[PDB]
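Undergrad: Return atomic coordinates for the entry below.
(one chain, ligands or ions: 6)
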Amino acid sequence: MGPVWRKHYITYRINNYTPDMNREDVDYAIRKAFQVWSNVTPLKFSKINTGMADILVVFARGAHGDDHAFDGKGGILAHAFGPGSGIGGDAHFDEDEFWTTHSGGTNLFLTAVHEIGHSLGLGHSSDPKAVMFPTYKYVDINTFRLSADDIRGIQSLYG
Ligand SMILES: NC(=O)[C@H](CCC(=O)O)NC(=O)[C@H](CCC(=O)O)NC(=O)[C@H](Cc1cc(-c2ccc(-c3cccc(Cl)c3)cc2)no1)CP(=O)(O)c1ccc(Br)cc1
Ligand SMILES: [Ca+2]
Ligand SMILES: [Ca+2]
Ligand SMILES: [Ca+2]
Ligand SMILES: [Zn+2]
Ligand SMILES: [Zn+2]
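TA: Residues are numbered from 1 along each chain as shown. Ligands and ions are numbered 1, 2, ... in the order given. You can find the structure just below:
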């Protein structure tokens, strides 16, 4: 259930960049992660560099100014706030992970899909093939698809 955005145009901004990947690969992973969700809802996402974005994307370490301190390498990979003003919507990625484009380390795209689900108001799935299942798993990103449960969940919130 959860809170939802009360509009269908949502902006995001990348506050800072992990040194683990180059800038263009970070931008690509995030853009594609938003596209997964826009593909099955009325939502549209635009990246901005200037202005007040709804969803701020942040890489940070350990205790980083909120109530969800990170824990070093492993364990919690990221956390995101549900829809709302201010820190609402924002997605934080633990810099103590090694973010990648691929299967090594922690794949940024797949983690971002999961986190953006939370930023849009989804909770966890019991479907062990759903991207909103609680625990990270690498799957071939070239053939990645939302599960029927993920699509059901997001279409129940928007549209
Ligand atoms: N246990 C694991 O598998 C990895 C280990 C990471 C490592 O050791 O490198 N860690 C994890 O999975 C940890 C577990 C955290 C925990 O419960 O203690 N999860 C987290 O770190 C959550 C963040 C997270 C989950 C994922 C994810 C999940 C599923 C899939 C996927 C893709 C395709 C198919 C399938 Cl079946 C699954 C891909 C990525 N990506 O990010 C934390 P969060 O859910 O945002 C959260 C919830 C509540 C609060 Br309150 C704060 C944050
Ligand atoms: Ca961690
Ligand atoms: Ca916000
Ligand atoms: Ca890192
Ligand atoms: Zn945080
Ligand atoms: Zn989660």
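
Undergrad: tell me the helices in the protein, going along the chain?
TA: Using DSSP state H, the helices found in the chain span residues 23-38, 108-119, 148-157.

Undergrad: And those helices: which comes nearest residue 2?
TA: helix 148-157 (7.6 Å; C-beta to C-beta). Every C-beta, even on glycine, is put in place using the N, C-alpha and C of the backbone.

Undergrad: how far does that closest one sit from the chain's center?
TA: Relative to its chain's centre, helix 148-157 lies at 16 Å (C-alpha atoms, centre = their mean, to the nearest Å).

Undergrad: just stretch 105-122 next, same as before
TA: On C-alpha atoms, centre = their mean, the centre of stretch 105-122 falls 3 Å from the chain's centre.

Undergrad: Mind checking if that stretch is in reach of ligand 4?
TA: No - interface with ligand 4: stretch 105-122 contributes nothing (C-beta under 5 Å from the ion), its closest point being 8.1 Å away.

Undergrad: near ligand 5, anything from that stretch?
TA: No - Stretch 105-122 lies apart from ligand 5 when judged by C-beta under 5 Å from the ion; the minimum separation is 10.8 Å.

Undergrad: Would you confirm that residue 68 contacts residue 92?
TA: Yes - if you go by C-beta atoms under 8 Å, residue 68 and residue 92 touch, sitting 7.3 Å apart.

Undergrad: about what we covered before: of all the helices of the chain, which one comes closest to ligand 2?
TA: Nearest to ligand 2 among those is helix 108-119 (11.1 Å), distances taken as C-beta to the ion.

Undergrad: The closest one to helix 23-38, inter-axis angle?
TA: Per axes from the mean of the first three to the mean of the last three C-alpha atoms, to 10 degrees, the angle that helix 108-119 makes with helix 23-38 is 40 degrees.

Undergrad: Quickly check: helix 108-119 near ligand 2 or not.
TA: No - using C-beta under 5 Å from the ion, we find that helix 108-119 stays clear of ligand 2, coming within 11.1 Å at best.

Undergrad: count of neighbours near residue 129?
TA: Residues lying near residue 129 (other C-beta atoms under 10 Å) number 14.

Undergrad: Tell me who's in contact with it.
TA: Residue 129 sits next to 147, 149 when contact means C-beta atoms under 8 Å, 6 or more residues apart in numbering.

Undergrad: how far away is it from ligand 3?
TA: To ligand 3, residue 129 is 30 Å away according to C-beta to the ion, to the nearest Å.
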